[PDB]
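Q: Experimental coordinates follow, after the sequence.
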Amino acid sequence: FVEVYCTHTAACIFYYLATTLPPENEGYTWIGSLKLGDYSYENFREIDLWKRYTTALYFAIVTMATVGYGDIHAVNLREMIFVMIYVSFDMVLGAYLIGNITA
Amino acid sequence: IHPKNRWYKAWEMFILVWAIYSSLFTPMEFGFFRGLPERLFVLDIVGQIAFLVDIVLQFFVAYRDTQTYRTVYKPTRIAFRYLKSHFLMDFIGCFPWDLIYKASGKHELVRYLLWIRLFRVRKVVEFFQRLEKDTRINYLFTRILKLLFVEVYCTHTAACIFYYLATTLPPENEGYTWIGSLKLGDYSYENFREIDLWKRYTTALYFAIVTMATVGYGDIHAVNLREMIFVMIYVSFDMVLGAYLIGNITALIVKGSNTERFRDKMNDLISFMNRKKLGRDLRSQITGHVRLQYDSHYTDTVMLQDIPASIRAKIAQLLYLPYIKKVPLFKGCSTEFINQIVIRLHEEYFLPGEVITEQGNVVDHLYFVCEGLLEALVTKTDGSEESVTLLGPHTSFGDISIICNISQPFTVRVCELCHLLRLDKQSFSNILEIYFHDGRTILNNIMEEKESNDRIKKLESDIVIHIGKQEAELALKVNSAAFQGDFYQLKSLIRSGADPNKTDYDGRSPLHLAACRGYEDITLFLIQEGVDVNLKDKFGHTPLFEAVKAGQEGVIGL
Amino acid sequence: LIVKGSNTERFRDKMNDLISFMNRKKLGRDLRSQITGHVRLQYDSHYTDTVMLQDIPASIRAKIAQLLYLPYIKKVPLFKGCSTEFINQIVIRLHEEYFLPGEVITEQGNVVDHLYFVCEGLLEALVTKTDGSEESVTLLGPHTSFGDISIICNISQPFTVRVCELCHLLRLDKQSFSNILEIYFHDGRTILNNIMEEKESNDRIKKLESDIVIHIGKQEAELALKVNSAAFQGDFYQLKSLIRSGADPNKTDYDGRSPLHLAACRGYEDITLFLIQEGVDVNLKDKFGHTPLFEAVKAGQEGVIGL
């Protein structure tokens, strides 16, 4: 449960980090530059909240799943370090889960 | 300088700060920046002179040799071994090579040899070896901390190596280089060299961590074949390191805590208890008993094997001195006897409803109910509903069964949670026979609670016969001591309370024996003691007869 | 591999456990934290010994101890025993210990239950005094023995021993020594002769020479007296245990009376018969010159006279 909550908060803070930059240089931040499957949602603010939540959460537990499709990238420098920290903490936590189940 | 010093300790903290700074710094000069700025070259020479001061202190450390287990402060041997161990390696790194690089026209050989400064990480790892030595932190917890630190250090070094290899390629082929053509987002890192050092540092480290956490992420991939081979080695190393991390985390928690073991036994015991469906007080009784046995076992074993007799003696003294002093029977005897009793004590806890020894069995330990209330009963296999004075806290019991050598004249049972003291027969008997004065004192105490304690009054016949035998043997002892002079010993036993009036079995009174031997000093000492002069032996011989028989005029005159 | 662990892991784990327990006992951090630490390191070597000794069927360990422990004691002039069959038993019950500097083994004036032989290392032995200042009567050395003389004397041994160098000592329980002595009384006589030789030879035993002489003078007195008393009361178990402890039935009391005389005057039959089995003499003359027959017919017991 604590792991899942950590993932959710990671997704939320990640979307906020995307929001940090002004409307200009929308391409420079990760959102608005994906253009996956012809959706090309450049203007994230215009898009309804639910889809944005889905996309951010997907990336958060895909990094969590230690799989990494690579559709979404931490392109900007500002949030770039955030994925670093999040994945490291995730490594420790996943290892702890493996240890607990092994016990 | 000496290792056990405050200033020494304050020195190594600065040493390790400088050490981690230089350890991280070495990749910073090797990659992300060709050459060095004069700005940081100053910090470089500052760190190098700090390392020189460190190596000067390294010259004289007076470390303790492991084989000796005793510190040696002689300079020459400390030099001969410790300098060879570390100073030789340190010396190469100590020389600042940025100047040589500039003098040699930034020759690649100098940069390759610059890696020697990385060797100082040994001081950092030695610091954590000392951290591990501290008892407070968990061993496996310390180990996992070490693994995390080492993993981070290795990953950062790989990230720096990635850019150094990229810059090693000629500037013309920017596209073929990975950083030249990675194009993250709308922005393109077309020129790695002109973009800020940090902008490149962030991207290179991100690539290394992506592999370390095993999430591929697509995104950046090695483009250069030179880049390709390095990635292979890095990931191969990282897999085993992460595997070690998994194993250590598993092993840290596979060790069940004392609470964990206790809860496991609670689980299976309540499962069985529910099978029977008895419930009620019984569940509580077993639960309390089992938790108490864990707590007691914790106490017992560490005393049994971890701590030697001399060492355990001190803690026994501190823990049990008031406990033994409070007991009335032990009061009135010399201090050394009390200490001897204390330093061969044990620990016992008990619950309501348990019998330690049944009536008629041979007693094997001496007990004192320090805490709680206990019921002593004369209930036996043949007969029931027989009870005697309840034993309160700080009351000894079983002393009558041991001193009088009677095998448990009653059944002793505990009635609630009590704290009990256990002590063996052999050591107690030896202590008693060594210290007879304390033995009489205690027996006089036994006389004191006589006709005041029902249990003692019931068994008082055994104590009476025991004191009769003790007085008989004491009379024999004083007669023997008077035989071989021992004027001081006779005086001491008089101070000990020995009655000179008592005679031996032969009727040989101390005056009789003094006359027979002819020691007039003993004769006058017994005279001023107050014993009647006219006495008879088994055959009725008066001391005048033996005084004449021996032939000394002094005893006859007295 | 990690879960299997190492002896170091158990070492640290037990460190944590009893350190936590001592902290819950609120013991002083300066007083014993180091001592526990010091002894703890030496225990690391001996845990293997403990595991083997519990595991082994006790014969092979006897052989290995014979290989190693026997030479050390043979080197020691003290406790030679003047025979080799007797010493190997001592080896098979013998245990070993390491130490750290500035450590006190035995406190003054305590009943000793552990017998220490300095197979290796240097020791200093000092005696308490009324002033309390320590006086080092002797400096002990490798392949020596201390505290055995105390058991021979039965004295409280008011001696403090402090290590002066790296040392290996052997720890022996008093009871095992008593048992081996009762098995071999003659070897006890031989070691008594060896001890009376050292009393001239060595300073510490020369310091205790007054005690050695007095108690040897004393010890005989109780032995003859005690058997006579136990013959007087007639308790057969105690007297026979004492007489099989090494007491001489022919030894006489201060008046010269024998346990046979007291048994006859009391008139008990089984004591007299047992003493007959012991080859007790009858021609013995007391200060009054009494013979067992005389008091046997004085008291009036037919069985003793008939025998």
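A: The structure has been received and is ready for your questions. Numbering: from 1, shown residues only, chains lettered A, B, ... in the order given.

Q: Would you mind listing the buried residues in stretch A:27-38?
A: For stretch A:27-38, burial by neighbour count (16 or more other CB atoms under 10 Å in any protein chain shown) applies to A:28-34. For every residue, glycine as well, the C-beta is placed using N, CA and C.

Q: Please see if it touches chain B.
A: Yes: applying CB under 8 Å from any CB of the partner chain, one finds stretch A:27-38 touching chain B at A:27-28, A:30, A:33.

Q: need the longest helix for chain A.
A: For chain A, the longest helix by residue count, based on DSSP state H, is helix A:77-102.

Q: do it and chain C meet?
A: No: remark: helix A:77-102 sits outside contact range of chain C, by CB under 8 Å from any CB, the gap being at least 9.1 Å.

Q: Check the offset of that helix from the chain's centre.
A: Counting by CA atoms, centre = their mean, to the nearest Å, helix A:77-102 is centred 13 Å from the centre of its parent chain.

Q: quick check: angle from that helix to helix B:139-168?
A: 140 degrees (axes from the mean of the first three to the mean of the last three CA atoms, to 10 degrees).

Q: mind saving the C-alpha coords of the helix or strand in which residue A:8 is found as PDB?
A: Using DSSP states H and E, the element containing residue A:8 is helix A:2-20. Provided in PDB are the C-alpha atoms of helix A:2-20 (Å, rounded to 0.1, in the frame of the first residue of the first chain):
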ATOM      1  CA  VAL A   2       2.700   2.500   0.900                       C
ATOM      2  CA  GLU A   3       4.400   1.700  -2.400                       C
ATOM      3  CA  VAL A   4       1.300   2.400  -4.400                       C
ATOM      4  CA  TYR A   5       0.700   5.700  -2.600                       C
ATOM      5  CA  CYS A   6       4.300   6.700  -3.300                       C
ATOM      6  CA  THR A   7       3.700   6.000  -7.000                       C
ATOM      7  CA  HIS A   8       0.600   8.100  -7.100                       C
ATOM      8  CA  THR A   9       2.300  11.100  -5.300                       C
ATOM      9  CA  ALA A  10       5.200  10.700  -7.700                       C
ATOM     10  CA  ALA A  11       2.900  11.000 -10.700                       C
ATOM     11  CA  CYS A  12       1.300  14.100  -9.200                       C
ATOM     12  CA  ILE A  13       4.600  15.900  -8.500                       C
ATOM     13  CA  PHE A  14       5.800  14.900 -11.900                       C
ATOM     14  CA  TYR A  15       2.900  16.600 -13.600                       C
ATOM     15  CA  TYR A  16       3.500  19.700 -11.500                       C
ATOM     16  CA  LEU A  17       7.100  19.700 -12.500                       C
ATOM     17  CA  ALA A  18       5.900  19.800 -16.100                       C
ATOM     18  CA  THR A  19       3.600  22.700 -15.200                       C
ATOM     19  CA  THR A  20       6.600  24.600 -13.800                       C
END
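
Q: who touches it?
A: A:29-31, A:44, A:52-53, A:56-57, A:59-61, A:64, A:76, A:78-79, A:82-83, A:86, A:89-90, A:93-94, A:97 (CB atoms under 8 Å, 6 or more residues apart in numbering or on different chains).

Q: ok, back up a step: what residues sit buried inside the longest helix of chain A?
A: Buried, per 16+ other CB under 10 Å, within helix A:77-102: A:77, A:79-80, A:83-84, A:86-88, A:90-91, A:94-96, A:99.

Q: picking up where we left off before, now flag whichever of the residues of stretch A:27-38 next to chain B is closest to chain C.
A: residue A:30 (39.5 Å; CB to the nearest CB).

Q: Now do the SS call for the closest one.
A: Following DSSP: H, G, I helix; E, B strand; the rest coil, residue A:30 is assigned to coil.

Q: residue contacts, whichever residue of chain A sits closest to chain B?
A: Residue of chain A nearest chain B, by CB to the nearest CB: residue A:70 (2.2 Å). Applying CB under 8 Å, 6+ apart to residue A:70 gives the contacts B:216-219.

Q: again, but for residue A:63
A: A:83, A:86-87, A:90, B:215, B:217.

Q: that's a helix at residue A:46, yeah?
A: No: applying three-state DSSP, one finds residue A:46 to be coil, outside a helix.

Q: In chain A, what residue lies closest to chain C?
A: residue A:102 (9.1 Å).

Q: Tell me, how many residues neighbour residue A:62?
A: The number of residues packed near residue A:62 is 17, by other CB atoms under 10 Å in any protein chain shown.

Q: thinking it is in contact with residue A:55, fair?
A: No: judged on CB atoms under 8 Å, residue A:62 makes no contact with residue A:55 at a distance of 10.5 Å.

Q: Spell out which residues are contacts of both of the two.
A: Listed as contacting both residue A:62 and residue A:55 by CB under 8 Å, 6+ apart are residue A:72.

Q: on contacts alone, who are the packing partners of the longest helix of chain A?
A: Where contact means 3 or more CB pairs under 8 Å, 6 or more residues apart in numbering or on different chains; DSSP states H and E, helix A:77-102 is packed against helix A:2-20, helix A:49-64, helix B:197-212, helix B:225-254.

Q: again, only this time at 6 Å
A: If you count contacts as 3 or more CB pairs under 6 Å, 6 or more residues apart in numbering or on different chains; DSSP states H and E, helix A:77-102 packs onto helix A:2-20, helix B:197-212, helix B:225-254.

Q: still on that earlier bit, how about the residue of chain A closest to chain C, nearest residue that isn't a chain neighbour?
A: residue B:250 (4.6 Å; CB to CB, 6 or more residues apart in numbering or on different chains).

Q: hang on, isn't residue A:75 packed against residue A:31?
A: No: using CB atoms under 6 Å, residue A:75 is not in contact with residue A:31; the gap is 9.6 Å.

Q: doesn't residue A:74 make contact with residue A:83?
A: Yes: using CB under 6 Å, residue A:83 is in contact with residue A:74, at 4.6 Å.

Q: what residues do these two have in common as contacts?
A: By CB atoms under 6 Å, 6 or more residues apart in numbering or on different chains, residue A:83 and residue A:74 have no common neighbours.
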